[PDB]
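A short worksheet on the structure shown next.
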Amino acid sequence: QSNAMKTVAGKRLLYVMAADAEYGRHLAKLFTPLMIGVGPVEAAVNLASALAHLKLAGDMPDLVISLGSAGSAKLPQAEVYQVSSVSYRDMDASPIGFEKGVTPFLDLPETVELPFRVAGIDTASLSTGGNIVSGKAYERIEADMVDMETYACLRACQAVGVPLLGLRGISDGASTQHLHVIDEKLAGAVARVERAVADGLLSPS
Amino acid sequence: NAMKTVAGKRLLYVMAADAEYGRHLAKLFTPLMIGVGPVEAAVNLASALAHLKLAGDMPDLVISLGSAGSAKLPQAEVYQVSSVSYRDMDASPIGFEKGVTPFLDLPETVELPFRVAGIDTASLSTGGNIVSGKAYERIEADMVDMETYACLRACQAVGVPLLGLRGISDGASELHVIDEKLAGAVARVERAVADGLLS
Ligand SMILES: Nc1ncnc2[nH]cnc12
Ligand SMILES: Nc1ncnc2[nH]cnc12
């Protein structure tokens, strides 16, 4: 698309979202998201294509932000969290001798740390899978919260060398349309991230 | 590069790891290494296809081959893929049919375009997990792999047809011979292409 890119303090940011349901009025003020589709395969295919188009066009983003909703039985409902680490729960190679969650012939740990921490936002570990998690298990999930996209976004970003930052509001898992609150709290978090970008969020030392 | 030309039609062979690729296959083609699992496959193939599209070029067919598990079909035999489903997809709690991706218009089971004479056919299920023992019971497809559905969506995104091929490694009530049988299947497929299968 390339018209969906937002420039903040000389840096180019790309926001990606799964479905239009999560995209509300408050977020609409901040940016225009690339619609990434639903699930790990849709997310991986769509984002890898977009990033490949942008790279060969020299149009590459400095930061990709994956944001949307998530479920949790652990975390307070209707609160926004930044993703500290992500894992892929659909991946089990254990019958052949691999630790659960680890992908063969790929040097990555089972839990992949995301590079960034923005002040003023809670952190949470995330699990990505093609299933919507409900009721029990849950207790089969080690991560704090669950989504269908982020890990697929990560592998796409790592493939082209762009860093990734996640943001997730909790829409369910205590037992929906609460997205109105999710959209407002997510916009508040986005404001803090863009400020952090201006403050040098992308930089070593 | 890794693409093979047959009768003026361009074929791209993709596999997960070294694995199922032996001497008999080596003589026929040099496969793209697509990685293991639906996420690795989708990212790597979408990237490769995007590089090939803007440089197009582009393939007229993508051949996804490698091993598969089955609790149903005989071991050490090769099957072309009649259809493919994504077993990790469950949207049912919010009302979608189990195995169906929201906002995509596709059935839970997606038929593949081509059938080649002289080769057994089977349905395929893909997911990030290795299916073993008791886990086979809830799987409706004849056999299971970790890649092909990801390949399918990657191919569909750029508008290229896909052909699956699978040897049975495990489950399989009663990797050496599989390499020989996949090679025999590939040969029949290439001949099939020379006969106008890609019309
Ligand atoms: N329960 C859930 N499981 C997976 N992804 C989700 N996104 C929002 N709620 C979810
Ligand atoms: N048993 C198995 N389960 C899943 N994918 C496979 N690919 C080959 N064998 C497999």
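To be explicit about the labels: the chains of the structure tokens are called A, B, and onward in the order shown, and within each one the residues are counted from 1, while ligands get numbers from 1 in the order they are shown.
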
Exercise. Using only C-alpha atoms and all ligand atoms, determine which residues fall within 6 Å of ligand 1, then list them as a list in words.
Key: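 Using only C-alpha atoms and all ligand atoms, I find these residues within 6 Å of ligand 1: residues 69, 70, 71, 132, 133, 134, 146, 147, 148, 171, 172 and 173 of chain A.
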
Exercise. Excluding residue 58 (chain B) and residues on its chain fewer than 4 positions from it, collect all residues at most 8 Å away from it, counting only C-alpha atoms, and give them as a VMD selection string.
Key: chain B and resid 10 49 52 to 53

Practice problem: Could I get the residue neighbourhood of ligand 2 at 10 Å, counting only C-alpha atoms and all ligand atoms, as a ChimeraX atom specification? | Solution: /A:92-93,95-96 /B:16,20,36-37,66-71,125-133,135-136,143-147,166-172

Exercise. Tell me, as a VMD selection string, which residues lie within 10 Å of residue 176 (chain B), counting only C-alpha atoms; anything in the same chain fewer than 2 positions away does not count.
Key: chain B and resid 20 to 23 76 169 178 to 181

Put those residues in a file: N, CA, C and O atoms, as an mmCIF file, in the first residue's frame.
data_model
loop_
_atom_site.group_PDB
_atom_site.id
_atom_site.type_symbol
_atom_site.label_atom_id
_atom_site.label_comp_id
_atom_site.auth_asym_id
_atom_site.auth_seq_id
_atom_site.Cartn_x
_atom_site.Cartn_y
_atom_site.Cartn_z
ATOM 1 N N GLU B 20 13.464 -35.767 3.090
ATOM 2 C CA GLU B 20 12.950 -36.668 2.064
ATOM 3 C C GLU B 20 13.703 -36.598 0.729
ATOM 4 O O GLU B 20 13.434 -37.385 -0.182
ATOM 5 N N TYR B 21 14.645 -35.665 0.617
ATOM 6 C CA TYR B 21 15.318 -35.400 -0.650
ATOM 7 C C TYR B 21 16.565 -36.268 -0.767
ATOM 8 O O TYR B 21 17.560 -36.047 -0.080
ATOM 9 N N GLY B 22 16.496 -37.258 -1.651
ATOM 10 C CA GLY B 22 17.579 -38.202 -1.846
ATOM 11 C C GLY B 22 18.279 -38.051 -3.180
ATOM 12 O O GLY B 22 18.202 -37.003 -3.824
ATOM 13 N N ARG B 23 18.953 -39.115 -3.606
ATOM 14 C CA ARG B 23 19.707 -39.097 -4.853
ATOM 15 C C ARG B 23 18.789 -39.113 -6.072
ATOM 16 O O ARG B 23 19.059 -38.443 -7.069
ATOM 17 N N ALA B 76 5.415 -46.010 3.269
ATOM 18 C CA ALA B 76 6.368 -46.092 2.164
ATOM 19 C C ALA B 76 5.700 -46.040 0.794
ATOM 20 O O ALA B 76 6.107 -46.739 -0.132
ATOM 21 N N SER B 169 5.908 -41.359 5.847
ATOM 22 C CA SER B 169 7.019 -41.672 6.741
ATOM 23 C C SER B 169 6.634 -42.496 7.972
ATOM 24 O O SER B 169 7.322 -43.453 8.320
ATOM 25 N N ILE B 178 10.953 -44.065 -0.236
ATOM 26 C CA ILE B 178 10.135 -42.879 -0.477
ATOM 27 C C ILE B 178 10.791 -41.942 -1.491
ATOM 28 O O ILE B 178 10.119 -41.391 -2.367
ATOM 29 N N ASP B 179 12.106 -41.778 -1.374
ATOM 30 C CA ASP B 179 12.863 -40.962 -2.319
ATOM 31 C C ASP B 179 12.715 -41.486 -3.743
ATOM 32 O O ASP B 179 12.610 -40.710 -4.693
ATOM 33 N N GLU B 180 12.698 -42.808 -3.881
ATOM 34 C CA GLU B 180 12.573 -43.437 -5.189
ATOM 35 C C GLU B 180 11.163 -43.286 -5.748
ATOM 36 O O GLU B 180 10.980 -43.078 -6.949
ATOM 37 N N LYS B 181 10.167 -43.383 -4.870
ATOM 38 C CA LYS B 181 8.768 -43.285 -5.279
ATOM 39 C C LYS B 181 8.332 -41.852 -5.591
ATOM 40 O O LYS B 181 7.526 -41.627 -6.496
#

Identify, on the basis of only C-alpha atoms, every residue whose closest approach to region 8-20 of chain A does not exceed 7 Å; exclude the query and any residue fewer than 4 positions from it along the same chain; express the result as a PDB file with N, CA, C and O atoms, in the first residue's frame.
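File out00.pdb, as written:
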ATOM      1  N   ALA A   4      -0.284   3.796   3.770  1.00  0.00           N
ATOM      2  CA  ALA A   4      -0.722   3.467   5.119  1.00  0.00           C
ATOM      3  C   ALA A   4       0.396   3.738   6.119  1.00  0.00           C
ATOM      4  O   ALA A   4       0.209   3.613   7.330  1.00  0.00           O
ATOM      5  N   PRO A  33      -4.320   1.328   9.187  1.00  0.00           N
ATOM      6  CA  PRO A  33      -3.695   0.004   9.275  1.00  0.00           C
ATOM      7  C   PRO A  33      -3.736  -0.796   7.975  1.00  0.00           C
ATOM      8  O   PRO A  33      -4.697  -0.714   7.213  1.00  0.00           O
ATOM      9  N   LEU A  34      -2.682  -1.571   7.745  1.00  0.00           N
ATOM     10  CA  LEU A  34      -2.685  -2.612   6.733  1.00  0.00           C
ATOM     11  C   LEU A  34      -3.478  -3.787   7.302  1.00  0.00           C
ATOM     12  O   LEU A  34      -3.195  -4.255   8.408  1.00  0.00           O
ATOM     13  N   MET A  35      -4.466  -4.274   6.558  1.00  0.00           N
ATOM     14  CA  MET A  35      -5.268  -5.387   7.046  1.00  0.00           C
ATOM     15  C   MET A  35      -4.573  -6.702   6.730  1.00  0.00           C
ATOM     16  O   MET A  35      -4.375  -7.053   5.570  1.00  0.00           O
ATOM     17  N   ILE A  36      -4.194  -7.416   7.783  1.00  0.00           N
ATOM     18  CA  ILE A  36      -3.293  -8.554   7.669  1.00  0.00           C
ATOM     19  C   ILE A  36      -4.005  -9.913   7.551  1.00  0.00           C
ATOM     20  O   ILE A  36      -3.413 -10.910   7.130  1.00  0.00           O
ATOM     21  N   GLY A  37      -5.300  -9.930   7.836  1.00  0.00           N
ATOM     22  CA  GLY A  37      -6.052 -11.171   7.806  1.00  0.00           C
ATOM     23  C   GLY A  37      -6.012 -11.910   9.131  1.00  0.00           C
ATOM     24  O   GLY A  37      -5.354 -11.474  10.077  1.00  0.00           O
ATOM     25  N   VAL A  38      -6.705 -13.043   9.193  1.00  0.00           N
ATOM     26  CA  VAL A  38      -6.890 -13.771  10.446  1.00  0.00           C
ATOM     27  C   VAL A  38      -6.125 -15.095  10.473  1.00  0.00           C
ATOM     28  O   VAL A  38      -6.214 -15.896   9.542  1.00  0.00           O
ATOM     29  N   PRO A  61       9.773   0.177   6.182  1.00  0.00           N
ATOM     30  CA  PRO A  61       9.449   0.770   7.483  1.00  0.00           C
ATOM     31  C   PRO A  61      10.583   0.602   8.488  1.00  0.00           C
ATOM     32  O   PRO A  61      11.357  -0.350   8.392  1.00  0.00           O
ATOM     33  N   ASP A  62      10.691   1.535   9.427  1.00  0.00           N
ATOM     34  CA  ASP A  62      11.644   1.416  10.526  1.00  0.00           C
ATOM     35  C   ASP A  62      11.092   0.550  11.649  1.00  0.00           C
ATOM     36  O   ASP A  62      11.843  -0.110  12.365  1.00  0.00           O
ATOM     37  N   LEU A  63       9.772   0.581  11.810  1.00  0.00           N
ATOM     38  CA  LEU A  63       9.102  -0.215  12.827  1.00  0.00           C
ATOM     39  C   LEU A  63       7.748  -0.715  12.338  1.00  0.00           C
ATOM     40  O   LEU A  63       6.969   0.045  11.760  1.00  0.00           O
ATOM     41  N   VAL A  64       7.468  -1.993  12.580  1.00  0.00           N
ATOM     42  CA  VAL A  64       6.136  -2.531  12.343  1.00  0.00           C
ATOM     43  C   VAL A  64       5.428  -2.749  13.677  1.00  0.00           C
ATOM     44  O   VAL A  64       5.987  -3.354  14.593  1.00  0.00           O
ATOM     45  N   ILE A  65       4.207  -2.240  13.791  1.00  0.00           N
ATOM     46  CA  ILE A  65       3.426  -2.432  15.006  1.00  0.00           C
ATOM     47  C   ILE A  65       2.235  -3.351  14.765  1.00  0.00           C
ATOM     48  O   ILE A  65       1.280  -2.985  14.079  1.00  0.00           O
ATOM     49  N   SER A  66       2.300  -4.549  15.334  1.00  0.00           N
ATOM     50  CA  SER A  66       1.166  -5.460  15.329  1.00  0.00           C
ATOM     51  C   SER A  66       0.289  -5.168  16.538  1.00  0.00           C
ATOM     52  O   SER A  66       0.749  -5.226  17.677  1.00  0.00           O
ATOM     53  N   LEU A  67      -0.974  -4.844  16.297  1.00  0.00           N
ATOM     54  CA  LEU A  67      -1.883  -4.558  17.400  1.00  0.00           C
ATOM     55  C   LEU A  67      -3.300  -5.054  17.125  1.00  0.00           C
ATOM     56  O   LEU A  67      -3.715  -5.168  15.975  1.00  0.00           O
ATOM     57  N   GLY A  68      -4.033  -5.342  18.193  1.00  0.00           N
ATOM     58  CA  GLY A  68      -5.365  -5.907  18.089  1.00  0.00           C
ATOM     59  C   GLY A  68      -5.834  -6.364  19.454  1.00  0.00           C
ATOM     60  O   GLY A  68      -5.380  -5.849  20.475  1.00  0.00           O
ATOM     61  N   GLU A 194       4.477   6.211  19.877  1.00  0.00           N
ATOM     62  CA  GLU A 194       4.943   7.239  18.954  1.00  0.00           C
ATOM     63  C   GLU A 194       5.814   8.275  19.665  1.00  0.00           C
ATOM     64  O   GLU A 194       6.816   8.743  19.118  1.00  0.00           O
ATOM     65  N   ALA A 198       9.880   9.024  19.003  1.00  0.00           N
ATOM     66  CA  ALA A 198      10.492  10.348  18.960  1.00  0.00           C
ATOM     67  C   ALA A 198      11.602  10.476  20.002  1.00  0.00           C
ATOM     68  O   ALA A 198      12.540  11.251  19.824  1.00  0.00           O
TER      69      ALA A 198
END

Residues of chain A within 9 Å of chain B: nearest atom pair and distance (Å, one decimal) for each, counting only C-alpha atoms, sorted by chain and number, as JSON lines?
{"residue": "A:19", "atom": "CA", "partner": "B:103", "partner_atom": "CA", "distance": 8.3}
{"residue": "A:37", "atom": "CA", "partner": "B:103", "partner_atom": "CA", "distance": 7.6}
{"residue": "A:38", "atom": "CA", "partner": "B:102", "partner_atom": "CA", "distance": 6.4}
{"residue": "A:39", "atom": "CA", "partner": "B:89", "partner_atom": "CA", "distance": 7.2}
{"residue": "A:40", "atom": "CA", "partner": "B:39", "partner_atom": "CA", "distance": 6.3}
{"residue": "A:41", "atom": "CA", "partner": "B:150", "partner_atom": "CA", "distance": 5.9}
{"residue": "A:42", "atom": "CA", "partner": "B:153", "partner_atom": "CA", "distance": 7.5}
{"residue": "A:43", "atom": "CA", "partner": "B:39", "partner_atom": "CA", "distance": 8.8}
{"residue": "A:44", "atom": "CA", "partner": "B:43", "partner_atom": "CA", "distance": 5.3}
{"residue": "A:45", "atom": "CA", "partner": "B:42", "partner_atom": "CA", "distance": 5.3}
{"residue": "A:46", "atom": "CA", "partner": "B:46", "partner_atom": "CA", "distance": 8.1}
{"residue": "A:47", "atom": "CA", "partner": "B:43", "partner_atom": "CA", "distance": 8.2}
{"residue": "A:48", "atom": "CA", "partner": "B:43", "partner_atom": "CA", "distance": 5.6}
{"residue": "A:49", "atom": "CA", "partner": "B:46", "partner_atom": "CA", "distance": 5.8}
{"residue": "A:50", "atom": "CA", "partner": "B:50", "partner_atom": "CA", "distance": 8.9}
{"residue": "A:51", "atom": "CA", "partner": "B:47", "partner_atom": "CA", "distance": 8.6}
{"residue": "A:52", "atom": "CA", "partner": "B:47", "partner_atom": "CA", "distance": 6.2}
{"residue": "A:53", "atom": "CA", "partner": "B:50", "partner_atom": "CA", "distance": 7.1}
{"residue": "A:56", "atom": "CA", "partner": "B:51", "partner_atom": "CA", "distance": 8.3}
{"residue": "A:88", "atom": "CA", "partner": "B:128", "partner_atom": "CA", "distance": 8.9}
{"residue": "A:89", "atom": "CA", "partner": "B:128", "partner_atom": "CA", "distance": 8.4}
{"residue": "A:90", "atom": "CA", "partner": "B:128", "partner_atom": "CA", "distance": 4.9}
{"residue": "A:91", "atom": "CA", "partner": "B:128", "partner_atom": "CA", "distance": 4.3}
{"residue": "A:92", "atom": "CA", "partner": "B:129", "partner_atom": "CA", "distance": 4.4}
{"residue": "A:93", "atom": "CA", "partner": "B:130", "partner_atom": "CA", "distance": 5.7}
{"residue": "A:94", "atom": "CA", "partner": "B:130", "partner_atom": "CA", "distance": 7.7}
{"residue": "A:95", "atom": "CA", "partner": "B:130", "partner_atom": "CA", "distance": 6.8}
{"residue": "A:96", "atom": "CA", "partner": "B:130", "partner_atom": "CA", "distance": 8.3}
{"residue": "A:103", "atom": "CA", "partner": "B:36", "partner_atom": "CA", "distance": 6.8}
{"residue": "A:104", "atom": "CA", "partner": "B:36", "partner_atom": "CA", "distance": 6.5}
{"residue": "A:105", "atom": "CA", "partner": "B:36", "partner_atom": "CA", "distance": 7.5}
{"residue": "A:106", "atom": "CA", "partner": "B:35", "partner_atom": "CA", "distance": 8.1}
{"residue": "A:129", "atom": "CA", "partner": "B:88", "partner_atom": "CA", "distance": 7.2}
{"residue": "A:130", "atom": "CA", "partner": "B:89", "partner_atom": "CA", "distance": 4.4}
{"residue": "A:131", "atom": "CA", "partner": "B:90", "partner_atom": "CA", "distance": 4.3}
{"residue": "A:132", "atom": "CA", "partner": "B:91", "partner_atom": "CA", "distance": 5.6}
{"residue": "A:133", "atom": "CA", "partner": "B:93", "partner_atom": "CA", "distance": 8.1}
{"residue": "A:134", "atom": "CA", "partner": "B:93", "partner_atom": "CA", "distance": 7.2}
{"residue": "A:151", "atom": "CA", "partner": "B:39", "partner_atom": "CA", "distance": 8.4}
{"residue": "A:152", "atom": "CA", "partner": "B:39", "partner_atom": "CA", "distance": 5.9}
{"residue": "A:155", "atom": "CA", "partner": "B:43", "partner_atom": "CA", "distance": 7.1}
{"residue": "A:156", "atom": "CA", "partner": "B:43", "partner_atom": "CA", "distance": 5.8}
{"residue": "A:159", "atom": "CA", "partner": "B:43", "partner_atom": "CA", "distance": 7.7}
{"residue": "A:176", "atom": "CA", "partner": "B:94", "partner_atom": "CA", "distance": 8.8}

Determine, counting only C-alpha atoms, which protein, DNA and RNA residues have an atom within 8 Å of an atom of residue 173 (chain B); residues of the same chain fewer than 4 positions away are not included. Present the result as a compact mmCIF listing (two decimals) with C-alpha atoms, in the first residue's frame.
# COMPACT_ATOMS: atom_id res chain seq x y z
CA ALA B 71 -2.76 -43.74 10.52
CA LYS B 72 -4.85 -44.83 7.56
CA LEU B 73 -2.79 -45.20 4.38
CA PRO B 74 0.06 -47.74 3.84
CA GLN B 75 3.65 -46.78 4.73

Which neighbours of residue 183 (chain B) fall inside 8 Å, counting only C-alpha atoms, when residues of the same chain fewer than 3 positions from it are skipped, and could you give them as an mmCIF file with N, CA, C and O atoms, in the first residue's frame?
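Result file follows (out26.cif):
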data_model
loop_
_atom_site.group_PDB
_atom_site.id
_atom_site.type_symbol
_atom_site.label_atom_id
_atom_site.label_comp_id
_atom_site.auth_asym_id
_atom_site.auth_seq_id
_atom_site.Cartn_x
_atom_site.Cartn_y
_atom_site.Cartn_z
ATOM 1 N N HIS B 24 17.703 -39.875 -5.988
ATOM 2 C CA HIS B 24 16.770 -39.991 -7.104
ATOM 3 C C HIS B 24 16.038 -38.682 -7.392
ATOM 4 O O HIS B 24 15.768 -38.356 -8.549
ATOM 5 N N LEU B 25 15.716 -37.939 -6.339
ATOM 6 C CA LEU B 25 15.093 -36.630 -6.500
ATOM 7 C C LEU B 25 16.113 -35.603 -6.970
ATOM 8 O O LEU B 25 15.792 -34.721 -7.768
ATOM 9 N N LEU B 28 16.478 -34.988 -10.608
ATOM 10 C CA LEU B 28 15.360 -34.297 -11.251
ATOM 11 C C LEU B 28 15.329 -32.782 -11.050
ATOM 12 O O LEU B 28 15.030 -32.037 -11.982
ATOM 13 N N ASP B 179 12.106 -41.778 -1.374
ATOM 14 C CA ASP B 179 12.863 -40.962 -2.319
ATOM 15 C C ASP B 179 12.715 -41.486 -3.743
ATOM 16 O O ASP B 179 12.610 -40.710 -4.693
ATOM 17 N N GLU B 180 12.698 -42.808 -3.881
ATOM 18 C CA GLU B 180 12.573 -43.437 -5.189
ATOM 19 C C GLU B 180 11.163 -43.286 -5.748
ATOM 20 O O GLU B 180 10.980 -43.078 -6.949
ATOM 21 N N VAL B 186 7.302 -37.649 -9.603
ATOM 22 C CA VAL B 186 7.721 -36.399 -10.227
ATOM 23 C C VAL B 186 7.874 -36.573 -11.736
ATOM 24 O O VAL B 186 7.428 -35.733 -12.516
ATOM 25 N N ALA B 187 8.490 -37.681 -12.137
ATOM 26 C CA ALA B 187 8.652 -38.005 -13.551
ATOM 27 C C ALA B 187 7.310 -38.079 -14.280
ATOM 28 O O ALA B 187 7.168 -37.548 -15.382
#

Exercise. List the neighbours of residue 192 (chain B) out to 12 Å using only C-alpha atoms; skip same-chain residues closer than 2 positions along the sequence, and give me the result as a ChimeraX atom specification.
Key: /B:6-7,9,114-119,185-190,194-199

Can I get the selection written as an mmCIF file, in the first residue's frame, with N, CA and C atoms?
data_model
loop_
_atom_site.group_PDB
_atom_site.id
_atom_site.type_symbol
_atom_site.label_atom_id
_atom_site.label_comp_id
_atom_site.auth_asym_id
_atom_site.auth_seq_id
_atom_site.Cartn_x
_atom_site.Cartn_y
_atom_site.Cartn_z
ATOM 1 N N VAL B 6 9.852 -27.263 -18.296
ATOM 2 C CA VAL B 6 9.344 -28.440 -18.988
ATOM 3 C C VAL B 6 8.305 -28.018 -20.012
ATOM 4 N N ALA B 7 8.575 -28.323 -21.280
ATOM 5 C CA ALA B 7 7.680 -27.977 -22.384
ATOM 6 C C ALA B 7 7.310 -26.497 -22.401
ATOM 7 N N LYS B 9 6.965 -24.675 -19.900
ATOM 8 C CA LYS B 9 6.262 -24.348 -18.663
ATOM 9 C C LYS B 9 7.238 -24.385 -17.492
ATOM 10 N N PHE B 114 -5.165 -30.253 -9.971
ATOM 11 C CA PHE B 114 -4.758 -31.294 -10.913
ATOM 12 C C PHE B 114 -4.735 -32.723 -10.370
ATOM 13 N N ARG B 115 -4.986 -33.677 -11.267
ATOM 14 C CA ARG B 115 -4.853 -35.099 -10.974
ATOM 15 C C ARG B 115 -4.009 -35.737 -12.070
ATOM 16 N N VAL B 116 -3.007 -36.513 -11.673
ATOM 17 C CA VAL B 116 -2.095 -37.136 -12.623
ATOM 18 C C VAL B 116 -2.240 -38.652 -12.589
ATOM 19 N N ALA B 117 -2.462 -39.249 -13.754
ATOM 20 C CA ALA B 117 -2.691 -40.685 -13.850
ATOM 21 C C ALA B 117 -1.484 -41.489 -13.379
ATOM 22 N N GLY B 118 -1.748 -42.630 -12.751
ATOM 23 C CA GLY B 118 -0.691 -43.518 -12.311
ATOM 24 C C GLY B 118 -0.191 -43.226 -10.912
ATOM 25 N N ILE B 119 -0.841 -42.288 -10.228
ATOM 26 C CA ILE B 119 -0.454 -41.931 -8.868
ATOM 27 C C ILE B 119 -1.666 -41.916 -7.943
ATOM 28 N N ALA B 185 7.053 -40.388 -9.140
ATOM 29 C CA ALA B 185 5.857 -39.560 -9.219
ATOM 30 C C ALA B 185 6.152 -38.239 -9.919
ATOM 31 N N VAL B 186 7.302 -37.649 -9.603
ATOM 32 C CA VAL B 186 7.721 -36.399 -10.227
ATOM 33 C C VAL B 186 7.874 -36.573 -11.736
ATOM 34 N N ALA B 187 8.490 -37.681 -12.137
ATOM 35 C CA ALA B 187 8.652 -38.005 -13.551
ATOM 36 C C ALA B 187 7.310 -38.079 -14.280
ATOM 37 N N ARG B 188 6.330 -38.736 -13.665
ATOM 38 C CA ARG B 188 4.996 -38.828 -14.255
ATOM 39 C C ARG B 188 4.332 -37.458 -14.350
ATOM 40 N N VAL B 189 4.568 -36.618 -13.347
ATOM 41 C CA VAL B 189 3.997 -35.275 -13.330
ATOM 42 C C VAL B 189 4.589 -34.398 -14.435
ATOM 43 N N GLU B 190 5.904 -34.471 -14.612
ATOM 44 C CA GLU B 190 6.571 -33.715 -15.668
ATOM 45 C C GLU B 190 6.101 -34.157 -17.057
ATOM 46 N N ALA B 194 4.042 -32.093 -20.011
ATOM 47 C CA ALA B 194 4.389 -32.110 -21.428
ATOM 48 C C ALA B 194 3.185 -32.487 -22.290
ATOM 49 N N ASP B 195 2.161 -33.047 -21.658
ATOM 50 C CA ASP B 195 0.943 -33.437 -22.355
ATOM 51 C C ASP B 195 -0.137 -32.357 -22.299
ATOM 52 N N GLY B 196 0.194 -31.208 -21.719
ATOM 53 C CA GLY B 196 -0.720 -30.079 -21.713
ATOM 54 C C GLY B 196 -1.573 -29.925 -20.468
ATOM 55 N N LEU B 197 -1.142 -30.533 -19.366
ATOM 56 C CA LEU B 197 -1.862 -30.450 -18.094
ATOM 57 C C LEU B 197 -2.057 -29.010 -17.618
ATOM 58 N N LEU B 198 -1.107 -28.142 -17.950
ATOM 59 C CA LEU B 198 -1.183 -26.739 -17.557
ATOM 60 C C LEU B 198 -1.856 -25.881 -18.629
ATOM 61 N N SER B 199 -2.302 -26.541 -19.702
ATOM 62 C CA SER B 199 -3.028 -25.940 -20.836
ATOM 63 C C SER B 199 -2.881 -24.428 -21.035
#

Self-check item: Those in region 11-189 of chain B with alpha helix (DSSP H) from DSSP, as a PyMOL selection string
Solution: chain B and resi 23-28+38-54+148-158+176-189

Exercise. Going by DSSP on the backbone, which bits of region 124-198 of chain A are strand (DSSP E or B)? Write them as a count of residues only, please.
Key: 18

Practice problem: Point out the residue among A:124, A:201, A:193, A:141 with the least atom-to-atom distance to residue 100 (chain A), counting only C-alpha atoms. | Solution: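 Closest candidate: A:141.
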